[PDB]
>>> print(open('query-v2.csv').read())   # CSV, C-alpha atoms
chain,number,residue,atom,x,y,z
A,1,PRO,CA,3.0,13.3,10.4
A,2,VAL,CA,1.1,16.3,11.8
A,3,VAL,CA,-2.6,15.6,11.5
A,4,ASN,CA,-5.9,16.9,12.6
A,5,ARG,CA,-8.4,14.2,13.5
A,6,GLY,CA,-11.1,16.5,15.0
A,7,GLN,CA,-9.3,16.7,18.3
A,8,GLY,CA,-6.9,19.3,17.1
A,9,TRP,CA,-3.5,19.2,15.5
A,10,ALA,CA,-1.4,16.3,16.8
A,11,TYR,CA,1.9,14.6,16.0
A,12,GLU,CA,1.8,10.9,15.2
A,13,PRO,CA,5.0,8.9,14.5
A,14,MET,CA,5.7,7.8,11.0
A,15,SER,CA,5.3,4.0,10.9
A,16,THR,CA,8.2,1.7,10.0
A,17,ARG,CA,6.2,0.6,7.0
A,18,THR,CA,6.1,4.1,5.6
A,19,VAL,CA,9.8,4.7,6.0
A,20,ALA,CA,10.7,1.3,4.5
A,21,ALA,CA,8.3,1.9,1.5
A,22,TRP,CA,10.0,5.2,0.8
A,23,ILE,CA,13.4,3.5,1.1
A,24,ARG,CA,12.3,0.9,-1.4
A,25,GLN,CA,10.8,3.5,-3.8
A,26,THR,CA,14.2,5.3,-3.9
A,27,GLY,CA,16.0,2.0,-4.3
A,28,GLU,CA,14.0,1.0,-7.4
A,29,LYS,CA,13.3,4.3,-9.1
A,30,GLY,CA,16.0,6.6,-7.7
A,31,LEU,CA,15.4,10.1,-6.2
A,32,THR,CA,14.7,12.2,-9.3
A,33,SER,CA,12.4,10.1,-11.4
A,34,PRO,CA,8.9,11.3,-12.3
A,35,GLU,CA,7.7,8.4,-10.1
A,36,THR,CA,9.8,9.2,-7.0
A,37,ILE,CA,9.0,12.9,-7.3
A,38,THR,CA,5.2,12.1,-7.4
A,39,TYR,CA,5.8,9.6,-4.5
A,40,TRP,CA,7.6,12.4,-2.5
A,41,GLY,CA,4.8,14.9,-3.0
A,42,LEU,CA,2.2,12.6,-1.7
A,43,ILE,CA,4.1,11.1,1.3
A,44,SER,CA,5.4,14.5,2.4
A,45,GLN,CA,2.1,16.5,2.4
A,46,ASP,CA,1.4,16.0,6.2
A,47,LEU,CA,5.0,15.6,7.3
A,48,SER,CA,6.8,18.0,9.7
A,49,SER,CA,10.1,19.5,8.4
A,50,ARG,CA,11.9,17.2,10.8
A,51,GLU,CA,10.1,14.2,9.3
A,52,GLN,CA,11.1,15.4,5.8
A,53,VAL,CA,14.8,15.6,6.8
A,54,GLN,CA,14.5,12.1,8.2
A,55,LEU,CA,13.2,10.7,4.9
A,56,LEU,CA,15.9,12.3,2.8
A,57,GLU,CA,18.4,10.9,5.3
A,58,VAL,CA,17.3,7.3,5.2
A,59,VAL,CA,17.6,7.3,1.4
A,60,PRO,CA,20.4,4.7,0.8
A,61,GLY,CA,23.2,5.5,-1.6
A,62,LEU,CA,22.5,8.1,-4.3
A,63,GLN,CA,25.2,10.3,-2.8
A,64,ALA,CA,25.6,12.5,-5.8
A,65,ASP,CA,21.9,13.3,-5.9
A,66,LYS,CA,21.8,13.8,-2.1
A,67,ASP,CA,24.8,16.1,-2.1
A,68,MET,CA,23.3,18.1,-5.0
A,69,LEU,CA,19.9,18.3,-3.3
A,70,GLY,CA,21.7,19.3,0.0
A,71,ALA,CA,23.6,22.1,-1.8
A,72,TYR,CA,20.3,23.3,-3.4
A,73,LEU,CA,18.5,23.4,0.0
A,74,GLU,CA,21.4,25.2,1.6
A,75,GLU,CA,21.2,27.9,-1.1
A,76,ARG,CA,17.4,28.2,-0.6
A,77,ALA,CA,18.1,28.5,3.1
A,78,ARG,CA,20.6,31.3,2.6
A,79,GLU,CA,18.2,33.2,0.3
A,80,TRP,CA,15.4,32.8,2.9
A,81,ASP,CA,17.6,34.1,5.8
A,82,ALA,CA,18.8,37.0,3.6
A,83,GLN,CA,15.3,38.3,2.9
A,84,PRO,CA,14.7,41.9,4.2
A,85,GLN,CA,11.9,41.4,6.7
A,86,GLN,CA,12.2,41.7,10.4
A,87,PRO,CA,10.9,39.6,11.9
A,88,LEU,CA,10.7,36.7,9.4
A,89,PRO,CA,8.0,34.3,10.5
A,90,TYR,CA,10.6,31.6,11.1
A,91,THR,CA,14.2,30.9,10.1
A,92,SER,CA,15.5,28.6,7.4
A,93,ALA,CA,16.7,26.3,10.2
A,94,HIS,CA,13.0,25.8,11.2
A,95,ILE,CA,12.0,25.3,7.6
A,96,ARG,CA,14.8,22.7,7.1
A,97,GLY,CA,14.0,20.8,10.3
A,98,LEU,CA,17.2,21.7,12.0
A,99,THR,CA,15.5,23.5,14.9
A,100,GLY,CA,12.1,23.7,16.5
A,101,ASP,CA,10.4,21.1,18.6
A,102,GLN,CA,7.1,19.1,18.5
A,103,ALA,CA,5.1,22.1,19.7
A,104,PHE,CA,6.6,24.0,16.8
A,105,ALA,CA,5.8,21.3,14.3
A,106,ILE,CA,2.1,21.3,15.3
A,107,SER,CA,1.9,25.1,15.4
A,108,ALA,CA,0.5,27.0,12.4
A,109,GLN,CA,3.9,28.4,11.7
A,110,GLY,CA,5.5,25.0,11.9
A,111,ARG,CA,2.9,23.5,9.4
A,112,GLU,CA,3.5,26.4,7.0
A,113,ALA,CA,7.3,26.1,7.2
A,114,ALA,CA,6.9,22.4,6.6
A,115,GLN,CA,5.0,23.2,3.4
A,116,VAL,CA,7.7,25.6,2.3
A,117,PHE,CA,10.4,22.9,2.8
A,118,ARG,CA,8.2,20.3,1.0
A,119,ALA,CA,8.1,22.6,-2.0
A,120,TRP,CA,11.8,23.3,-1.8
A,121,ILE,CA,12.6,19.6,-2.0
A,122,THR,CA,10.1,19.0,-4.8
A,123,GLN,CA,11.5,21.8,-6.9
A,124,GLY,CA,15.1,20.7,-6.2
A,125,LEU,CA,14.3,17.1,-7.3
A,126,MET,CA,12.7,18.4,-10.5
A,127,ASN,CA,15.7,20.7,-11.0
A,128,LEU,CA,18.0,17.7,-10.7
A,129,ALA,CA,16.0,15.6,-13.1
A,130,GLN,CA,16.2,18.5,-15.6
A,131,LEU,CA,20.0,18.4,-15.6
A,132,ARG,CA,20.0,14.8,-16.8
A,133,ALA,CA,17.1,14.8,-19.3
>>> encode(input="query-v2.csv", output="structure tokens")
Amino acid sequence: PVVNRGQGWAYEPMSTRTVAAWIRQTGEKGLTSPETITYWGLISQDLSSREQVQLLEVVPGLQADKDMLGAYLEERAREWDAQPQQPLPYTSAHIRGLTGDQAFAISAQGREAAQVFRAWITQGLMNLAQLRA
């Protein structure tokens, strides 16, 4: 996560425990349940965009949901990059954790872009849950 413990914004590695817990959550309650969506929102609040990609990636199985979420995030990415504003604050690649380094992640822009991605994923999971209900 990217945290500020009084010394300034710093990156700290996600623990194995954290990633394993997330893996288990998705294993027991799937990706699009009210439970997993709530779990997502909490665990992701201080994560970099890269850390968010990483969690979606380690989710075992649930291919259909992961493909549908991926297609949703791609469309959100296209819409972002198609906005009429030069210069955009960052690209969808930055938002989605596909580019930008650790300095970027701790930067104000990086932290904002990570909050955008976090909301994109939350909304996509909700959108997916609504197809099934």
>>> closest_residue(input="query-v2.csv", among="A:89, A:84, A:70, A:100", to="residue A:112", atoms="only C-alpha atoms")
A:89
>>> atom_distance(input="query-v2.csv", atom1="atom CA of residue A:114", atom2="atom CA of residue A:49")
4.7 Å
>>> closest_residue(input="query-v2.csv", among="A:87, A:27, A:80, A:22", to="residue A:40", atoms="all atoms listed in the file")
A:22
>>> residues_around(input="query-v2.csv", residues="residue A:95", least_positions_apart="4", cutoff="12 Å", atoms="all atoms listed in the file", output="MDAnalysis selection string")
chainID A and resid 47:53 73:74 76:78 80:81 88:91 99:101 104:105 109:121
>>> closest_residue(input="query-v2.csv", among="A:20, A:37, A:103, A:42", to="residue A:128", atoms="only C-alpha atoms")
A:37
>>> closest_residue(input="query-v2.csv", among="A:55, A:102, A:32, A:82", to="residue A:19", atoms="only C-alpha atoms")
A:55
>>> residues_around(input="query-v2.csv", residues="residue A:25", least_positions_apart="4", cutoff="10 Å", atoms="all atoms listed in the file", output="number ranges by chain")
A: 19-21, 29-31, 35-36, 39-40, 59
>>> residues_around(input="query-v2.csv", residues="residue A:60", least_positions_apart="4", cutoff="10 Å", atoms="all atoms listed in the file", output="number ranges by chain")
A: 23-24, 26-27, 30, 56, 66
>>> closest_residue(input="query-v2.csv", among="A:18, A:28, A:94, A:130", to="residue A:62", atoms="all atoms listed in the file")
A:28
>>> closest_residue(input="query-v2.csv", among="A:69, A:106, A:92, A:85", to="residue A:1", atoms="all atoms listed in the file")
A:106
>>> atom_distance(input="query-v2.csv", atom1="atom CA of residue A:65", atom2="atom CA of residue A:125")
8.6 Å
>>> atom_distance(input="query-v2.csv", atom1="atom CA of residue A:3", atom2="atom CA of residue A:123")
24.0 Å
